[PDB]
């Protein structure tokens, strides 16, 4: 009902409509069948203003969808640097891992999101985290052939 509308409004980037629905009692942490909350969808679609509103309105910054992905996972994968920073500003788990051990740093590293990898590292991202198949973010950058990124993630000892 109101939660459904709030999900679509966050997905569509309708900042005004998000505020209306919250004012009318929409559950800021409503979740669809896949477990996405409005903050998931806003981070995925890149709607920084809505992310801000949702967080001021009590959104769960560390909500997990059914795959273990948090809004920071989605912002990292989609390359939404501003949203990554805002989430981290609001206590997002920088080393949160999805169901196979994948952290946001892995997802940022996948797409060569250079500035995001740097922000994640600035906020305590652990370069030594491996997913279930032993892949660090540095390993991913090597596998994808991303030279500049490897130097930033490189461990020396």
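Residue numbers count along the first chain shown, from 1.
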property: Comparing 130 to 138 with 13 to 21, the one whose average Cα B-factor in the PDB entry is higher; result: 130 to 138
property: Between 25 to 33 and 50 to 58 (mean CA B-factor, as deposited), the higher; result: 25 to 33
property: C-alpha B-factor winner, where the candidates are 99, 42, 63, 108; result: 99
property: Modelled-residue ranking by C-alpha temperature factor, third containing residue 104; result: middle
property: Residue 90, C-alpha B-factor rank within chain (lowest, middle or highest third); result: lowest
property: Assigned third (lowest, middle, highest) for the C-alpha B factor of residue 112; result: highest
